[PDB]
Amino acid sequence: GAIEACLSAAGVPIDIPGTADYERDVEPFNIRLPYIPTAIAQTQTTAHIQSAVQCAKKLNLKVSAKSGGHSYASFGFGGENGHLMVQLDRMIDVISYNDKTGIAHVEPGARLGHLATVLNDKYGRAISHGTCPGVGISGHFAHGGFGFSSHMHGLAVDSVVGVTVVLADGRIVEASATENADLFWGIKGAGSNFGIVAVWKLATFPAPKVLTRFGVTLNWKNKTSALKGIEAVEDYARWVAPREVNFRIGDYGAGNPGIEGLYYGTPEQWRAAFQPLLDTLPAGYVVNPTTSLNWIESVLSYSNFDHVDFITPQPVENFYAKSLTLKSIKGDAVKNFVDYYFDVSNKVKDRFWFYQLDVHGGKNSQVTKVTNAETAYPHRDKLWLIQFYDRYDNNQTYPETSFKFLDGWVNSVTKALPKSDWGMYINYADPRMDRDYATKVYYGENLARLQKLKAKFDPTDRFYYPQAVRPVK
């Protein structure tokens, strides 16, 4: 067909329907949302990426990059059938490392586990990114990237010092603080909007030698306990929590909430740093035993797998997810949250679900040392990052009536807050919002600048997906 012929003439490898490569590359991480691209360009070089974009232009197609394919909305496909899909996951190398500056150049199909493995094993270096080893560098870094080092060292995006980008017109350009700084600003938080990143240029830190994983089983058996407890954790997060502590409250057992965390220091140093919160928690919590880790052991520890060096996709899932970023959860917000928690959520027994309340902001959070004005990322004024997750078996159909579960929980918080108090996080992409509403909540106070930037770098909407920023001049 026209697109196949076009790709072939340009020397761009293409997946053939019916082959193993096609079957692998076309599989969404969220099998709730499969999409059928018109063709899959399995790129090996920056030139292939540029050729693919060129082919999209001449055949008037929409083009979408897929890196680790972890988009909760399958946006790597385009969020709909019929795009040219630029499949990036064979481009996995740390192109170069500079031992004078600590800057690594990295290909856009490297997964977080593979990246961490190469930087640590080969160079003794580390970056602050997410926990899941199969996640793509590109989708992740482009929109933020939060994990168990973000309090200490900031977002994955905060490591970005430069990018090589393929634009909607197929030109290759460099972006950094001193070259195309407007484009650089957009890539660092809304990067799916402005081109396909071909090379990430990343600042690293020495791989930590002394880390302690900690956990506390909270044992909140009623509404009172959970209200008092979430309050105690916010206060600590807002005012006390030292730089070295990274943690969240999570519940993976429909009523068995815990704190899990990573501390930059010894077990004794953690205990002293956390003790003020321990003194305010409702009585009946149990401090679980600590685990002493080095950098690469910690990556493995929070993995949920027996290895981390992933160069292929991780097992697919079948789910819906939502998110919230909040200034505070105090007042009616936490009251409504806890009611719903016990009256509704804890009686949902037919599938696996979770929430995570991430300590994202607060006084000593590195995330918060960058303003909303400095990069595309719009949540620098938010203490909490919240994930809600609703997962069925792969052989089951996600039922239409099941959406209202996470919808209800999110509403219970939002109805209690002014609109300026909360947003949503595009790395926990929720496709059940129209283009205008979603970009309002994903990008906050930065949306007006993003729209103007979009009208400069993608006026035709070549990179269209249902939740892309609108080009507005």
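Residue indices: 1-based, along the sequence shown.
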- Comparing mean C-alpha B factor in the record for 410 to 418 and 59 to 67, the higher one is 410 to 418
- Task: Can you let me know which of the two, 287 to 295 or 120 to 128, has the higher average C-alpha B-factor in the entry?
- Result: 287 to 295
- Query: Which of these, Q356, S159, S138, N256, has its C-alpha atom at the highest B-factor, as the entry lists it?
  - Reply: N256
- Which is it among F77, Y72, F146, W270: the one with the largest CA B-factor in the entry? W270
- Message: Sorting by Cα B-factor within the chain, modelled residues only, which third would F388 end up in: lowest, middle or highest?
- Response: lowest
- So where's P399 on the chain's Cα temperature factor ranking, which third? highest
- Split the chain's modelled residues into thirds by Cα B-factor; is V441 in the lowest, middle or highest one? middle
- With respect to C-alpha B-factor, does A448 fall in the lowest, middle or highest third of the chain as deposited? highest
- In terms of its chain's C-alpha B-factors, the third that includes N180 is the highest
